[PDB]
Structures are given as C-alpha cells and as structure tokens.
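Structure first, commentary second.
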Amino acid sequence: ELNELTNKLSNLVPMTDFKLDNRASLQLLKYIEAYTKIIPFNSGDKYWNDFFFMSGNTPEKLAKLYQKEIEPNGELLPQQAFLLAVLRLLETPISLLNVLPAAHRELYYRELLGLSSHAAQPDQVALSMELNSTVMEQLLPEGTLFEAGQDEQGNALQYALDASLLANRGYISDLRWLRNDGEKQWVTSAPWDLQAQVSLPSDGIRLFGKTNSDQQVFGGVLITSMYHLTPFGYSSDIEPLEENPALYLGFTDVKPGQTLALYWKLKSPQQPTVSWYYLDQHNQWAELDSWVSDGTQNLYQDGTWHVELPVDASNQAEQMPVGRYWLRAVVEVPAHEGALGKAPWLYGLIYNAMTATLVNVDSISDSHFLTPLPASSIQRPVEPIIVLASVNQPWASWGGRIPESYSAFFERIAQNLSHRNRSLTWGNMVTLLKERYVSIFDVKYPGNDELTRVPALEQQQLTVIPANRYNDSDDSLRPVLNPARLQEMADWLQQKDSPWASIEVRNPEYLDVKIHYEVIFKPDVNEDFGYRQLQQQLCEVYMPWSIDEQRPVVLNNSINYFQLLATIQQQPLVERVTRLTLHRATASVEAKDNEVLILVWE
Amino acid sequence: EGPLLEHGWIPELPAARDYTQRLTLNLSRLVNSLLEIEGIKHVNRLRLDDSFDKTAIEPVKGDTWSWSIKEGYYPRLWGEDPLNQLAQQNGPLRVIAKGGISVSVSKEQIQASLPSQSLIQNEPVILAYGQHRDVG
C-alpha cells in the first residue's frame, strides 16, 4: 500500500497494528459497484455499472490488476484504467489516516498524562586485574576505563570501575574445606591447590561435596583425650571441632599491610551466616569480621568484598601450611532436607577483582544491549598502564536492558493504568509479580471451584512456578525457591494488597501424570532413537520452564487428552499412535488446585 | 505424465488400499486435520455408537481409534449427511461453544458456506497461427 510514502511515514509515528480503515482495494470496488448500478445510463434499462465494468472485467479482476496478482497487460479499457488510477491516488489520504490512532495514543500518554519512557540501563561486569612481577602495589582511581572493541555502527564500549581499588601482586593458591558429615569422622577436600598446580575444576564445585580427593583425619577419627595432632598440621593446644562445615582460603604473595579484594560468583540456595577467621603467630584464630565489608550478603549472591589483611597476620604458623597466608570461613548452613538445604554452587572466585559498569549509555546502539557481552572480551584498558600485565573477565555482563521501543513502552503504561500499583484483584496479583521478578516463569490462580465454596477463607495462596534460570533446588523438572526470598515476595505484595488480605506465595506440589503409549514410526528409523527424540519435545511443550532460555508463555493447568494426542502427531518422525493410557498418580486429567502436572514416561 | 485426463490433472494419487483383504481405518491421524480449522480448539470424543455390529467390524488389537471393515464394504460415514445427521440436533456431532452453550444449525445454512466444486474441462493445447506473409 503505497510503498513510496509509507516508508517515510512509518518511521516517524509508531504505527501500531490497528487501522481506522481496513478498507481493502477489493473491498472498495464492490462499494463502487453498488453505487454505480443506481445511476441510470440514460434512456436504457442498463445502468452505469455496465459502463465502468465493461468487457470481461469484474471488480475481483480489477483488484487483481491493482494489487498486481495478474501481470498488467497492455490493453485495458480507458475508463477502467482511469478508475484504477484513482485508487492509486486515494492510497495517500487513507495512509495518513491510519497513522493517526498511533499518534492519538502517544499524544495521550506524553502530553496530557505526562508519562516518560525508560532510558537505557547500563550493565556491569566482573573484572579481575592481575599485576606484573616488577612492583608490589599499584593504585588506579575511580573512573579509569577498560574496553574491548567497538559496537557496530557506532562508538566503542567503555567500562569503568565504580570503586577505586588498589591492586597487589598475589593470587588464590589454595581453597580447601572440612565438612562434618558423620560423627567422629571428617573428610578433607583439596579441590584448588596451586603448589600441585591443580585448578578449580569443571567450572564450579559443590561446596562440601563428595570430591573423592578427601582423606580422613586419622588424628581425629578418635577424638584426642603427637604435639596435639589436628587437621592440616600440628596444633599447640586444644581446639574444638564443631558441627559446622568450614572452608579455608590460601593466600599467597600478600604482605600484611596490603588489602585483598575478591569477586565471588555464586548461586546459593539459602544464605549461610558466615564468620571469618585469620591465622596468627600464636597459632590461634582471631575474628576478622570487623575488617570484612561484604556486599555478597554472607555469601548469598555474587558480589565484591574487600578486606584489608589485618596487622600481625603471620605467614609462618602451625596447624596449617607454612608457605601461604590463610583465612578461615565458618559456614552456618541452615538445616533443611533435600538438595535445597545444601551449600552454594560456586561458579568461581577471582582475586584482585572489582566490578565495572558501562560508561556512556546514550551513544551505544541497541544491538549491543540485546545480548550480554561475551566472556573473555575485555583484555586491555583504554589508557595503557604499563605495569599492568593483563585483565580478564571469566564471566560477562549480567543485567542491563534495552532502551524502550514504542511497542514495549505502550505495554508498560497500559499495565500502570490497569492496576495502578495496587494489587487489589486476582489478575493484578498475577501481573505485579511477573513484571518485577525475573525468576518467575508464571503464576497460576487457585482455580475455579475454590473461590465459590469459600466458608470464610481469609488466606489466599498464590502458587508461583519459576524458570530454570533461577531455581535453588537441584531438580530440572521441579523448580523450587528457597523460602526466605519466597516470603519476601509476599512482603512486597502485602503493601499493595488490602491489610486484611493475608497473602503469601508458595511453590506448588507437583503431581506426576504418567503415560504408557505405543506408537508406530517411520519405516526406516529405529524406535529407541524414535522414543527418545519424541520424548524430548513432549517434555518441552508441557514443561516449558524446564528448557533453559524460554520466554514465559501462559499455559493452563488442564492438559487435554486429545490435544495431547494431536501434539504427538505433529512430530515429523511419528506416523501413528495406538493408545495413550493416561495414568495419574482413560480420559483427560485436570489439575487439582495448588498442584501442577509433570509427565513421567516409564 | 499419465493418460489423457479431460477433467483435471491428478499428479498425486490417494493411495487406495487393496480390496482383496479387509481394511483397517486408523483415525488417530484425524485429530490434527480436525484441529486445523480456525474456530476449532480441540475435540472431546471419537467413537461409534454400536452401528458396527451389522457387518462385525472389530476394533484391532488395543487402539480405540482403528476399525476394520469386513471384506466388501466401504465407509459411508454419514449417509444423506446434513438433513439426516448433522442438522437435526440428535448429536452425531456435538459442537460445544463458550463452555456449554452448544449451538446448532440447519441443513441449507452450511451448504452456502460449503466449498462448491467446479466442473473443469481441459481443451487441447495448440499454437495459433501468426500472420501469413506473402513470401511467395
């Protein structure tokens, strides 16, 4: 529809889907046919519609010539090609009329209602900065810039540190722990050892897990009643062995005047309240917690923490290796069953590290903000600092969002005018959790029968189901949050809700509905490869939260027996199924309230 | 490619089953052909109301969808279709719309919205003459 103007016109105005005139060119010629059949061609029974559509030309054919479904032949009747030339002119007042309801809406939000659009959000990145062997200390202030490359069709991306760290030579040589799994026997894991050059393996180690590098402490398999043999060396005097897993960090090439700054990359289910201890020359551990200023919230989230290494901390000490300085960390893991109640996951840990945020957010085009920036990208600063050896990012670019497009800006303000930042109804509780929290895949309401039986039930229980990106419990199909941040979603929604509304969010218990189906496949495929491949797409559609990087799609509690049977049929490798045998722990099974169905295939 | 067809061309065959043996009819493939159309969101039932016993159509081994018609016969699924079955609201086909409202239709109303075929005849292909020029 008039591609010469509508490129220029669509770029200025948002031009949404709705049009004031859905009048198509085929629809217009039927309107002009009923008009002309009234006008009398003079002194004759035939009318003017016989003139304008004369010889083998119907308005369906003239619309085909106009939209070029038919190639335009050289001979057309002149009063018809006069008529098709008019409809080419009338595309211009129509196209300026369709562009106006998109401009009426934007006038309403920005001029009268005063609403603004969100600007671009800068993203920060973990940045580890190692030094050379030539100096010990090097200071760099707030606002020094690191960079890698350039955005397409624009400027270079600069990253600046938010806080002025001072770098020192050194590294994390040793990371070891003691865990207390059983009475009178304790195991001694050594995942990270620089002196044997063994690294932190496999991108992440379960803290206090079965590493199989452990050796049992035979000095402590029977408790002492040798020079007082304890783990990791001889102790001077009696030291307690409490029921708390604790990990020890081995620091190297750091002087007691200097400070140390780590960035922990963590996914922890529940936060353990930690206390930190350091070695001394008397071989007694002292408290370090006055010196620690942590932003990792006692190892809850990823974050930087810098510690000035305390004075009179000793390199040479008993009960530990003598070459390295040591820091102790006592983990108080909260008591809970399952893999939810276990330790953090520890993607990694880097020394001499500090985060770095994006510098100028307006110049960078929208292509960079779409994806996180790739890992191991920034390898150099902007200004060449000669004593620096290398920077590196092991992980890259969490956070940061696009500047708002006019489609998504309209959806954002349409939400603010619907609920108005108060969660008063069932629908308003569903969206207000979904926009703020990124961990939420979906929320489903508590059903149809529940709200009508109601013998004065005050308590309402929203059942949240999260994505596979953010789940604390180690189950892919069954994602669970920890109850502390699950309670914090209720505390956010208690302010928006009525004071009489006691609202709290929970994870729903998962019903398992089994199916035992027989199915005949293609003539030239093995069925065991055919069973396994068909099972993956069936696992995907009815558990969309299970597969990583999925947009939240709204999906009901009910699974239909026949819509299941049709969904099996649209696989390219299927030919025909025989039976399904729906087996709830044969008809359609509908999910009872506060329950979510998971399919099982055995 | 084939023989001379005066009416239409048939480049794909319907792959008709042999009539030496009795023939199974598998209807598990039907549901997506039924799910295709715009207003249809799903189907709720697929069965027969004891009208197969006259020629002893047996359902094959385990599956509910397939039925095997005995040697000579061929399916006629709804004989004299709309006035006899579909319009009368006896329910050979029960439409459920908006939960339960369950509306129905008469015979002649769906024939106007029915696709009417066109009888087509294929004329022989020739090259017409050009203008004869006096080269002689």
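Virtual Cβ from ideal backbone geometry, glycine too; neighbours counted across all protein chains shown. Taken together, the values in this text are just the output of simple stated rules run on the coordinates, not laboratory data.
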_Go through (1) in a strand (DSSP E or B); (2) within 34 Å of the chain's Cα centre (by Cα) for residue A:188 and report which single condition fails._
(2)
*asked:* Under 6 Å between Cβ atoms, which residue pairs at least 6 apart in sequence (or on different chains) link something in segment A:568-585 that is within 16 Å of residue A:539 (Cβ to Cβ) with a partner that is of a type outside the set (A, V, I, L, M, F, W, C) and exposed (fewer than 13 other Cβ atoms within 10 Å of the Cβ)?
replied: A:573/A:522
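Rundown of residues vs (1) surrounded by 15 or more Cβ atoms within 10 Å (Cβ to Cβ); (2) under 34 Å from the mean Cα position of the chain (by Cα), yes/no style:
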position	(1), (2)
A:180	yes, no
A:208	yes, yes
A:214	yes, no
A:223	no, no
*Please go through segment A:251-284 and pick out each residue that is hydroxyl-bearing (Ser, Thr, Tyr) and surrounded by 15 or more Cβ atoms within 10 Å (Cβ to Cβ).*
A:252, A:259, A:263, A:268, A:275, A:277, A:278
*Which residues, taken from segment A:157-193, are closer than 24 Å to residue A:319 by Cβ, out of contact with any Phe, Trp or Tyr (no Cβ under 7 Å at 6 or more places or on another chain) and hydrophobic (A, V, I, L, M, F, W, C)?*
A:186, A:187, A:190, A:192
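Matching residues to (1) over 24 Å from residue A:107 (Cβ atoms); (2) in a helix (DSSP H, G or I); (3) more than 46 Å from the chain's Cα centre (by Cα):
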| residue | (1), (2), (3) |
| --- | --- |
| A:18 | no, no, no |
| A:42 | yes, no, yes |
| A:51 | yes, yes, yes |
| A:68 | yes, no, yes |
| A:80 | yes, yes, yes |
*How many of the residues making up segment A:214-232 are assigned to a loop (DSSP other than H, G, I, E, B) and either aliphatic (A, V, I, L, M) or touching a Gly at 6+ places or on another chain (Cβ under 8 Å) (or both)?*
6
*Across segment B:1-50, which residue is farthest from residue B:102 (Cα to Cα) among those that are loosely packed, with under 14 Cβ neighbours inside 10 Å and of a type in the set (S, T, N, Q)?*
B:20
*So residue A:602 fits all but one of (1) in a loop (DSSP other than H, G, I, E, B); (2) over 20 Å from residue A:476 (Cα atoms); what number is the exception?*
(2)
_Failed item, numbered, when residue A:526 is tested on (1) away from chain B (no Cβ under 14 Å); (2) surrounded by 13 or more Cβ atoms within 10 Å (Cβ to Cβ); (3) of a type in the set (S, T, N, Q)_ = (2)
*Residues in segment A:533-546: is at least one in contact with a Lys or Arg (Cβ under 9 Å, 6 or more places away or on another chain), of a type outside the set (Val, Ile, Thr) and surrounded by fewer than 17 Cβ atoms within 10 Å (Cβ to Cβ)?*
no
*Residues satisfying the stated conditions in segment A:441-481, i.e. in contact with a helix residue (DSSP H, G or I) (Cβ under 7 Å, 6 or more places away or on another chain) and in a loop (DSSP other than H, G, I, E, B)*: A:445
_Return the residues of segment A:423-474 that are of a type in the set (D, E, K, R) and surrounded by fewer than 14 Cβ atoms within 10 Å (Cβ to Cβ); say none if nothing qualifies._
A:435, A:436, A:449, A:453, A:458, A:469
*Kindly indicate whether residue A:387 is among the hydrophobic types (A, V, I, L, M, F, W, C) and either within 21 Å of the chain's Cα centre (by Cα) or surrounded by 13 or more Cβ atoms within 10 Å (Cβ to Cβ) (or both).*
no
*Would segment B:101-122 turn up any residue that is in contact with an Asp or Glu (Cβ under 7 Å, 6 or more places away or on another chain), surrounded by fewer than 10 Cβ atoms within 10 Å (Cβ to Cβ) and not β-branched (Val, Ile, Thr)?*
yes
*Report the residue count in segment A:233-258 for those that are out of contact with any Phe, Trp or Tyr (no Cβ under 8 Å at 6 or more places or on another chain) and assigned to a strand (DSSP E or B).*
1
_So in segment A:547-587, with the set limited to residues that are surrounded by fewer than 15 Cβ atoms within 10 Å (Cβ to Cβ) and within 14 Å of another protein chain (Cβ to nearest Cβ), which one is farthest from the chain's Cα centre (by Cα)?_
A:586
*In segment B:17-67, how many residues are among the hydroxyl-bearing types (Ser, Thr, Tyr) and away from every other protein chain (no Cβ under 14 Å)?*
4
*If you go through segment A:585-602, how many residues are at positive phi and in contact with an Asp or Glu (Cβ under 6 Å, 6 or more places away or on another chain)?*
0
*Out of (1) within 14 Å of chain A (Cβ to nearest Cβ); (2) touching a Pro at 6+ places or on another chain (Cβ under 8 Å); (3) not aliphatic (A, V, I, L, M), what's the single condition that is false for residue B:85?*
(1)
*Determine, yes or no, whether residue A:287 is more than 22 Å from residue A:263 (Cβ to Cβ) and exposed (fewer than 14 other Cβ atoms within 10 Å of the Cβ).*
yes
_Taking the criterion of being surrounded by 14 or more Cβ atoms within 10 Å (Cβ to Cβ) and outside any helix (DSSP H, G or I), would at least one residue in segment A:101-112 satisfy it?_
no
